[PDB]
Amino acid sequence: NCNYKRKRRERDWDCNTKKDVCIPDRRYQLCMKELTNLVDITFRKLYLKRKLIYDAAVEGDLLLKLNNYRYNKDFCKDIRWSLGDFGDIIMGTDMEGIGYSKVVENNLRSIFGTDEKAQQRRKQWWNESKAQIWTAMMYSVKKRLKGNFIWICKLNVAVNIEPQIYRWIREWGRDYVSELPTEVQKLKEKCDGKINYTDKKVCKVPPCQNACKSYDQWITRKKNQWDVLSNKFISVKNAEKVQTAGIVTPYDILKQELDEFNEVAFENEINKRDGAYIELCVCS
Amino acid sequence: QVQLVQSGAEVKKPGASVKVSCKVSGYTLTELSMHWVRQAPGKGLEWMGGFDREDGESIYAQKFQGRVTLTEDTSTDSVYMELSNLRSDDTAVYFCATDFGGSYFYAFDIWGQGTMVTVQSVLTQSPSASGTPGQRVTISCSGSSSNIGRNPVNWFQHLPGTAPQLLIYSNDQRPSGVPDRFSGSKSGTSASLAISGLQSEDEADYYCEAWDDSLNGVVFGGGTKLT
């Protein structure tokens, strides 16, 4: 799949492959071409690093294309989310660990080891290499324009280690606030206005009643996705023993990442009791 | 706008030393790698060394490790490369070039104008090619699996008199200014450049470049000239 990237939200979060977690489409598409075809200090330090750079440079390239060559925050976050997954793969915390990823894990184990002391060497190797992998993902974005280049994306913000489930809630919440206005804008067009003099269009108008079943189907996947992701967060936070600086509930992660995040409305939105939804899709 | 300006032509006596400058203009030197390559009048392009900034610890070619020393001066925003024990066959034109965004990549982007100094290869290309306006031509590059097999390939359009320019990188991708008629491909142990619709601006010698895992250095091909 190191060819091109499916359009944003062409495919939603996959909560079925592994039942305990939802996986975003970007994680599947993560380019691991060279990292699989690998079949002695130089075994890891020089060779494995080059292989990971060749993959990171591609990911950083197709992600720039995914974002229509826009050099904005939406692009930097795709870099941040993907660079982390590269790390969880190296550090043995890849939550998916399915299919082609199983080959990469076996490749890394035949390099570092298999015991507890191997994760440390791998976690250490990621720390002393994560910076260089970020410069690789920024390759295409930096080659493209020799001049006029700016460090829009920042390094330490991307190489800050954080449990994988955290960074996926960040990506999810960013997808939710982008999708909600759309599913509402569609609802507004077909349901605004009053039908006769005081009744709502959804009571009788099929066109409006249909846009509601589309939103009803969408918001239900969001509620369910939030349920799984927040439960998987509680399982990890309880098992890690690290304080991760001010995050207790998964709602804190959205407050940090989202601007003007009103979790009161968020709870209302995903539970179909918000204001706009009642005015448009609830008759009585 | 990012320029590289080198020092004037120098003439030395066999056995002496020579120091060439290379100044950046339009971007902080502190981020670039600043490699160097030379080309004798009769021979082709050869890579000497460079400063791998991501790791420090500059690297050099094989039978050059005892003659080249790269220095730097952040105040003057320039790089210096010194050659000692100058032999008669070291007469050539010396270039400084960088990838500008590469960590372990060598798809050079910004080249200097060269410096005239007066005192085979792992990759194998076809000795020469020839074509007529409007046809497809295919220059091929062939090497072992330790240089082209497991690493990306680049292509260069060098017009003698001027400095080479990046034509293709990562075996498939073309820069902005490169025409759409150019295109690259790689498979197994051989890459190939393709010019769909040979026009008049093909008056150049074409080289392929890749990274050799066994040599730990940048290697160039023999060369190929179209007409």
# chains A, B, ... in the order shown; residues from 1 in each chain; ligands from 1
$ select_by_dssp --residues "region 23-215 of chain B" --states "helix (DSSP H, G or I)" --output "PyMOL selection string"
chain B and resi 29-31+62-64+88-90+145-149
$ closest_atom_pairs --of "region 30-105 of chain B" --to "region 143-165 of chain B" --cutoff "10 Å" --atoms "only C-alpha atoms" --output "JSON lines"
{"residue": "B:39", "atom": "CA", "partner": "B:160", "partner_atom": "CA", "distance": 9.8}
{"residue": "B:41", "atom": "CA", "partner": "B:160", "partner_atom": "CA", "distance": 9.0}
{"residue": "B:45", "atom": "CA", "partner": "B:158", "partner_atom": "CA", "distance": 9.3}
{"residue": "B:93", "atom": "CA", "partner": "B:163", "partner_atom": "CA", "distance": 9.8}
{"residue": "B:94", "atom": "CA", "partner": "B:163", "partner_atom": "CA", "distance": 9.9}
{"residue": "B:95", "atom": "CA", "partner": "B:163", "partner_atom": "CA", "distance": 7.8}
{"residue": "B:96", "atom": "CA", "partner": "B:163", "partner_atom": "CA", "distance": 9.8}
{"residue": "B:97", "atom": "CA", "partner": "B:164", "partner_atom": "CA", "distance": 9.6}
{"residue": "B:105", "atom": "CA", "partner": "B:152", "partner_atom": "CA", "distance": 8.5}
$ residues_around --residues "region 23-29 of chain B" --least-positions-apart "4" --cutoff "12 Å" --atoms "only C-alpha atoms" --output "tab-separated table (two decimals) with N, CA, C and O atoms, in the first residue's frame"
chain	number	residue	atom	x	y	z
A	145	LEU	N	10.21	22.58	-1.78
A	145	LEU	CA	10.49	24.00	-1.85
A	145	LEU	C	11.84	24.22	-1.17
A	145	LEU	O	11.94	24.16	0.06
A	146	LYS	N	12.88	24.46	-1.97
A	146	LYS	CA	14.18	24.78	-1.38
A	146	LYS	C	14.04	26.01	-0.50
A	146	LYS	O	14.13	25.93	0.74
A	147	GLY	N	13.77	27.15	-1.10
A	147	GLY	CA	13.50	28.36	-0.37
A	147	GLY	C	12.15	28.34	0.30
A	147	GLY	O	11.37	27.40	0.19
A	148	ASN	N	11.87	29.44	0.99
A	148	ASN	CA	10.57	29.69	1.60
A	148	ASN	C	10.13	28.58	2.53
A	148	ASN	O	8.94	28.46	2.86
A	149	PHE	N	11.07	27.75	2.99
A	149	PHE	CA	10.71	26.64	3.86
A	149	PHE	C	10.61	27.12	5.30
A	149	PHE	O	11.38	27.97	5.75
A	150	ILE	N	9.66	26.54	6.03
A	150	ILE	CA	9.37	26.89	7.41
A	150	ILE	C	9.10	25.60	8.17
A	150	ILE	O	8.51	24.65	7.62
B	1	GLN	N	14.91	30.75	-3.18
B	1	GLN	CA	16.21	31.17	-3.68
B	1	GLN	C	17.31	30.68	-2.75
B	1	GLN	O	17.46	31.20	-1.64
B	2	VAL	N	18.10	29.71	-3.21
B	2	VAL	CA	19.19	29.15	-2.43
B	2	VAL	C	20.35	28.87	-3.38
B	2	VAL	O	20.28	27.93	-4.18
B	3	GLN	N	21.41	29.65	-3.27
B	3	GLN	CA	22.54	29.58	-4.18
B	3	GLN	C	23.75	28.96	-3.50
B	3	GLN	O	23.91	29.00	-2.28
B	4	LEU	N	24.61	28.37	-4.33
B	4	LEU	CA	25.92	27.90	-3.90
B	4	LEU	C	26.97	28.54	-4.79
B	4	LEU	O	26.93	28.37	-6.02
B	5	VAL	N	27.92	29.26	-4.19
B	5	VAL	CA	28.94	29.99	-4.92
B	5	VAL	C	30.31	29.50	-4.47
B	5	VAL	O	30.62	29.50	-3.27
B	6	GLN	N	31.14	29.08	-5.43
B	6	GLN	CA	32.45	28.54	-5.11
B	6	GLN	C	33.54	29.55	-5.44
B	6	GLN	O	33.28	30.60	-6.03
B	7	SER	N	34.77	29.22	-5.05
B	7	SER	CA	35.89	30.13	-5.27
B	7	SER	C	36.39	30.04	-6.71
B	7	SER	O	35.94	29.22	-7.52
B	33	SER	N	23.80	19.12	4.17
B	33	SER	CA	24.78	18.05	4.26
B	33	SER	C	26.06	18.37	3.54
B	33	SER	O	27.15	18.07	4.06
B	34	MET	N	25.94	19.03	2.42
B	34	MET	CA	27.08	19.59	1.72
B	34	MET	C	28.10	18.58	1.24
B	34	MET	O	29.28	18.60	1.62
B	51	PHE	N	29.42	15.58	4.36
B	51	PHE	CA	29.20	15.75	5.80
B	51	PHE	C	27.77	15.31	6.11
B	51	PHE	O	26.81	16.04	5.83
B	53	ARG	N	25.12	15.40	8.14
B	53	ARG	CA	24.81	16.27	9.26
B	53	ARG	C	23.95	15.58	10.30
B	53	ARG	O	24.10	15.84	11.50
B	72	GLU	N	34.55	23.87	7.88
B	72	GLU	CA	33.33	24.67	7.87
B	72	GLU	C	33.57	25.95	8.66
B	72	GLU	O	34.45	26.01	9.53
B	73	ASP	N	32.78	26.98	8.34
B	73	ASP	CA	32.86	28.27	9.02
B	73	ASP	C	31.47	28.88	9.03
B	73	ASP	O	31.02	29.41	8.01
B	74	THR	N	30.79	28.82	10.19
B	74	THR	CA	29.40	29.26	10.27
B	74	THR	C	29.27	30.77	10.08
B	74	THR	O	28.21	31.26	9.68
B	75	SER	N	30.32	31.52	10.40
B	75	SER	CA	30.27	32.96	10.22
B	75	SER	C	30.17	33.33	8.74
B	75	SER	O	29.33	34.14	8.35
B	76	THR	N	31.02	32.74	7.91
B	76	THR	CA	31.02	33.01	6.48
B	76	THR	C	29.97	32.21	5.72
B	76	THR	O	29.84	32.38	4.51
B	77	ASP	N	29.24	31.33	6.41
B	77	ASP	CA	28.19	30.53	5.78
B	77	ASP	C	28.73	29.74	4.59
B	77	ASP	O	28.17	29.78	3.50
B	78	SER	N	29.83	29.03	4.82
B	78	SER	CA	30.47	28.33	3.71
B	78	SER	C	31.18	27.08	4.21
B	78	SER	O	31.40	26.89	5.40
B	79	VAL	N	31.53	26.22	3.25
B	79	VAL	CA	32.21	24.96	3.50
B	79	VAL	C	33.52	24.96	2.71
B	79	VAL	O	33.63	25.62	1.68
B	80	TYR	N	34.51	24.21	3.21
B	80	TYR	CA	35.81	24.12	2.56
B	80	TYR	C	36.20	22.65	2.42
B	80	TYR	O	35.99	21.85	3.33
B	81	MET	N	36.79	22.31	1.27
B	81	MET	CA	37.28	20.96	0.99
B	81	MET	C	38.71	21.06	0.48
B	81	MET	O	38.98	21.76	-0.50
B	95	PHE	N	32.69	20.11	-7.62
B	95	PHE	CA	31.38	20.66	-7.28
B	95	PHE	C	31.05	20.40	-5.82
B	95	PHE	O	31.49	19.41	-5.22
B	96	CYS	N	30.26	21.30	-5.24
B	96	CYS	CA	29.64	21.08	-3.95
B	96	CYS	C	28.13	21.04	-4.17
B	96	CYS	O	27.58	21.91	-4.85
B	97	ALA	N	27.48	20.02	-3.62
B	97	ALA	CA	26.04	19.86	-3.80
B	97	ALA	C	25.46	19.22	-2.54
B	97	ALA	O	26.16	18.51	-1.82
B	98	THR	N	24.18	19.50	-2.28
B	98	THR	CA	23.47	18.94	-1.14
B	98	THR	C	22.12	18.41	-1.61
B	98	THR	O	21.65	18.75	-2.69
B	100	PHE	N	19.33	18.86	0.35
B	100	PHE	CA	18.37	19.84	0.84
B	100	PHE	C	17.08	19.14	1.29
B	100	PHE	O	16.02	19.25	0.67
B	101	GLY	N	17.21	18.40	2.37
B	101	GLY	CA	16.05	17.79	2.97
B	101	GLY	C	16.26	16.31	3.19
B	101	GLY	O	15.37	15.60	3.65
B	110	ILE	N	20.96	21.28	-4.91
B	110	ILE	CA	21.55	22.59	-5.09
B	110	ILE	C	23.01	22.35	-5.36
B	110	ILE	O	23.74	21.85	-4.48
B	111	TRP	N	23.46	22.75	-6.54
B	111	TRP	CA	24.82	22.55	-6.98
B	111	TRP	C	25.46	23.91	-7.16
B	111	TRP	O	24.79	24.92	-7.43
B	112	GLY	N	26.78	23.92	-7.06
B	112	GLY	CA	27.54	25.11	-7.35
B	112	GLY	C	27.89	25.16	-8.81
B	112	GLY	O	27.58	24.26	-9.59
B	113	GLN	N	28.56	26.24	-9.19
B	113	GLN	CA	28.92	26.39	-10.59
B	113	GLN	C	30.17	25.60	-10.96
B	113	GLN	O	30.50	25.51	-12.14
$ closest_atom_pairs --of "chain A" --to "chain B" --cutoff "6 Å" --atoms "only C-alpha atoms" --output "Markdown table"
| residue | atom | partner | partner_atom | distance |
| --- | --- | --- | --- | --- |
| A:139 | CA | B:101 | CA | 5.0 |
| A:142 | CA | B:101 | CA | 5.1 |
| A:143 | CA | B:101 | CA | 5.1 |
| A:147 | CA | B:1 | CA | 5.1 |
$ write_last_selection --atoms "C-alpha atoms" --output "short mmCIF file (atom, residue, chain, number, x, y, z; two decimals), in the first residue's frame"
data_model
loop_
_atom_site.label_atom_id
_atom_site.label_comp_id
_atom_site.auth_asym_id
_atom_site.auth_seq_id
_atom_site.Cartn_x
_atom_site.Cartn_y
_atom_site.Cartn_z
CA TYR A 139 12.02 14.92 3.38
CA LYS A 142 11.47 20.06 2.56
CA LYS A 143 12.90 19.07 -0.82
CA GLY A 147 13.50 28.36 -0.37
#
$ atom_distance --atom1 "CA of residue 90 (chain B)" --atom2 "CA of residue 67 (chain B)"
11.1 Å
$ atom_distance --atom1 "CA of residue 210 (chain B)" --atom2 "CA of residue 43 (chain B)"
18.8 Å
$ residues_around --residues "residue 5 (chain A)" --least-positions-apart "4" --cutoff "8 Å" --atoms "only C-alpha atoms" --output "CSV table (one decimal) with N, CA, C and O atoms, in the first residue's frame"
chain,number,residue,atom,x,y,z
A,1,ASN,N,0.8,-1.2,0.0
A,1,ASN,CA,0.0,0.0,0.0
A,1,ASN,C,0.9,1.3,0.0
A,1,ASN,O,0.3,2.4,0.2
A,29,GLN,N,-2.7,1.8,6.3
A,29,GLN,CA,-1.9,2.3,5.1
A,29,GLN,C,-0.5,2.7,5.4
A,29,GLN,O,0.2,3.0,4.5
A,62,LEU,N,3.5,10.5,0.9
A,62,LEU,CA,2.2,10.3,0.5
A,62,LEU,C,1.2,11.0,1.4
A,62,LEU,O,0.1,11.3,1.0
A,63,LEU,N,1.6,11.3,2.7
A,63,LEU,CA,0.7,12.1,3.6
A,63,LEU,C,0.6,13.5,3.1
A,63,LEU,O,-0.4,14.1,3.2
A,65,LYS,N,0.8,14.3,0.0
A,65,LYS,CA,-0.1,14.2,-1.2
A,65,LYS,C,-1.6,14.0,-0.7
A,65,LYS,O,-2.5,14.6,-1.3
A,66,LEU,N,-1.8,13.2,0.4
A,66,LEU,CA,-3.1,13.0,0.9
A,66,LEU,C,-3.7,14.4,1.3
A,66,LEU,O,-4.9,14.6,1.1
$ closest_residue --among "A:45, A:110, A:57, A:193" --to "residue 126 (chain A)" --atoms "only C-alpha atoms"
A:45
$ residues_around --residues "residue 202 (chain B)" --least-positions-apart "6" --cutoff "12 Å" --atoms "only C-alpha atoms" --output "list in words"
residues 129, 130, 131, 132, 133, 134, 137, 156, 157, 158, 159, 179, 181, 182, 194, 195, 196, 224, 225, 226 and 227 of chain B
$ write_last_selection --atoms "C-alpha atoms" --output "short mmCIF file (atom, residue, chain, number, x, y, z; two decimals), in the first residue's frame"
data_model
loop_
_atom_site.label_atom_id
_atom_site.label_comp_id
_atom_site.auth_asym_id
_atom_site.auth_seq_id
_atom_site.Cartn_x
_atom_site.Cartn_y
_atom_site.Cartn_z
CA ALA B 129 22.89 6.51 -27.01
CA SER B 130 21.42 8.42 -29.94
CA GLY B 131 17.89 9.38 -30.94
CA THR B 132 15.86 11.59 -33.23
CA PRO B 133 13.22 14.24 -32.39
CA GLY B 134 9.96 12.65 -31.27
CA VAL B 137 14.69 6.51 -25.75
CA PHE B 156 21.21 13.58 -13.47
CA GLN B 157 21.31 15.79 -16.56
CA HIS B 158 24.85 17.21 -16.73
CA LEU B 159 25.57 19.66 -19.54
CA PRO B 179 9.49 18.20 -17.87
CA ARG B 181 8.36 13.62 -20.61
CA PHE B 182 10.98 12.35 -18.17
CA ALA B 194 12.81 7.24 -20.24
CA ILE B 195 12.44 10.39 -22.36
CA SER B 196 9.09 10.35 -24.18
CA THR B 224 25.60 8.08 -21.24
CA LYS B 225 25.41 10.80 -23.89
CA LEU B 226 22.42 11.29 -26.20
CA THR B 227 22.23 13.12 -29.52
#
$ residues_around --residues "residue 15 (chain B)" --least-positions-apart "5" --cutoff "12 Å" --atoms "only C-alpha atoms" --output "list in words"
residues 67, 83, 84, 85, 86, 87, 88, 89, 90 and 119 of chain B
$ write_last_selection --atoms "N, CA, C and O atoms" --output "PDB file, in the first residue's frame"
ATOM      1  N   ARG B  67      43.447  11.989   1.621  1.00  0.00           N
ATOM      2  CA  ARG B  67      43.707  13.175   0.846  1.00  0.00           C
ATOM      3  C   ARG B  67      42.675  14.268   1.025  1.00  0.00           C
ATOM      4  O   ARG B  67      42.989  15.411   0.696  1.00  0.00           O
ATOM      5  N   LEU B  83      42.355  19.142  -0.707  1.00  0.00           N
ATOM      6  CA  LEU B  83      42.930  17.950  -1.317  1.00  0.00           C
ATOM      7  C   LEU B  83      44.443  18.043  -1.208  1.00  0.00           C
ATOM      8  O   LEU B  83      45.035  19.034  -1.645  1.00  0.00           O
ATOM      9  N   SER B  84      45.063  17.020  -0.622  1.00  0.00           N
ATOM     10  CA  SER B  84      46.508  16.976  -0.446  1.00  0.00           C
ATOM     11  C   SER B  84      47.142  15.937  -1.362  1.00  0.00           C
ATOM     12  O   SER B  84      46.481  15.027  -1.868  1.00  0.00           O
ATOM     13  N   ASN B  85      48.454  16.072  -1.543  1.00  0.00           N
ATOM     14  CA  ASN B  85      49.226  15.196  -2.420  1.00  0.00           C
ATOM     15  C   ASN B  85      48.590  15.153  -3.812  1.00  0.00           C
ATOM     16  O   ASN B  85      48.210  14.101  -4.330  1.00  0.00           O
ATOM     17  N   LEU B  86      48.472  16.340  -4.408  1.00  0.00           N
ATOM     18  CA  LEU B  86      47.813  16.496  -5.701  1.00  0.00           C
ATOM     19  C   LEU B  86      48.579  15.777  -6.806  1.00  0.00           C
ATOM     20  O   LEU B  86      49.715  16.141  -7.124  1.00  0.00           O
ATOM     21  N   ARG B  87      47.952  14.765  -7.398  1.00  0.00           N
ATOM     22  CA  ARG B  87      48.530  14.071  -8.537  1.00  0.00           C
ATOM     23  C   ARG B  87      48.151  14.770  -9.842  1.00  0.00           C
ATOM     24  O   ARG B  87      47.304  15.666  -9.880  1.00  0.00           O
ATOM     25  N   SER B  88      48.811  14.358 -10.925  1.00  0.00           N
ATOM     26  CA  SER B  88      48.547  14.971 -12.221  1.00  0.00           C
ATOM     27  C   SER B  88      47.141  14.656 -12.712  1.00  0.00           C
ATOM     28  O   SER B  88      46.511  15.498 -13.364  1.00  0.00           O
ATOM     29  N   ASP B  89      46.632  13.460 -12.416  1.00  0.00           N
ATOM     30  CA  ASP B  89      45.309  13.061 -12.877  1.00  0.00           C
ATOM     31  C   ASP B  89      44.187  13.609 -12.005  1.00  0.00           C
ATOM     32  O   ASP B  89      43.015  13.337 -12.289  1.00  0.00           O
ATOM     33  N   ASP B  90      44.507  14.362 -10.952  1.00  0.00           N
ATOM     34  CA  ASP B  90      43.492  15.024 -10.141  1.00  0.00           C
ATOM     35  C   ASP B  90      42.991  16.319 -10.776  1.00  0.00           C
ATOM     36  O   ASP B  90      42.204  17.039 -10.149  1.00  0.00           O
ATOM     37  N   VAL B 119      46.582  20.995 -12.437  1.00  0.00           N
ATOM     38  CA  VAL B 119      47.796  20.629 -11.724  1.00  0.00           C
ATOM     39  C   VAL B 119      49.017  20.842 -12.623  1.00  0.00           C
ATOM     40  O   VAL B 119      49.134  20.253 -13.699  1.00  0.00           O
TER      41      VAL B 119
END
$ residues_around --residues "residue 257 (chain A)" --least-positions-apart "6" --cutoff "8 Å" --atoms "only C-alpha atoms" --output "VMD selection string"
chain A and resid 170 173 to 174
$ write_last_selection --atoms "C-alpha atoms" --output "short mmCIF file (atom, residue, chain, number, x, y, z; two decimals), in the first residue's frame"
data_model
loop_
_atom_site.label_atom_id
_atom_site.label_comp_id
_atom_site.auth_asym_id
_atom_site.auth_seq_id
_atom_site.Cartn_x
_atom_site.Cartn_y
_atom_site.Cartn_z
CA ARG A 170 -6.45 12.64 19.39
CA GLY A 173 -11.49 13.66 18.05
CA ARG A 174 -10.00 15.65 15.18
#
$ atom_distance --atom1 "CA of residue 138 (chain B)" --atom2 "CA of residue 203 (chain B)"
15.2 Å
$ select_by_dssp --residues "region 24-212 of chain B" --states "strand (DSSP E)" --output "PyMOL selection string"
chain B and resi 24-25+35-39+45-50+59-60+68-73+78-83+92-98+110-111+115-118+124-125+136-142+153-158+165-168+182-187+190-196+205-212
$ closest_residue --among "B:17, B:178, B:58, B:65" --to "residue 201 (chain B)" --atoms "only C-alpha atoms"
B:178
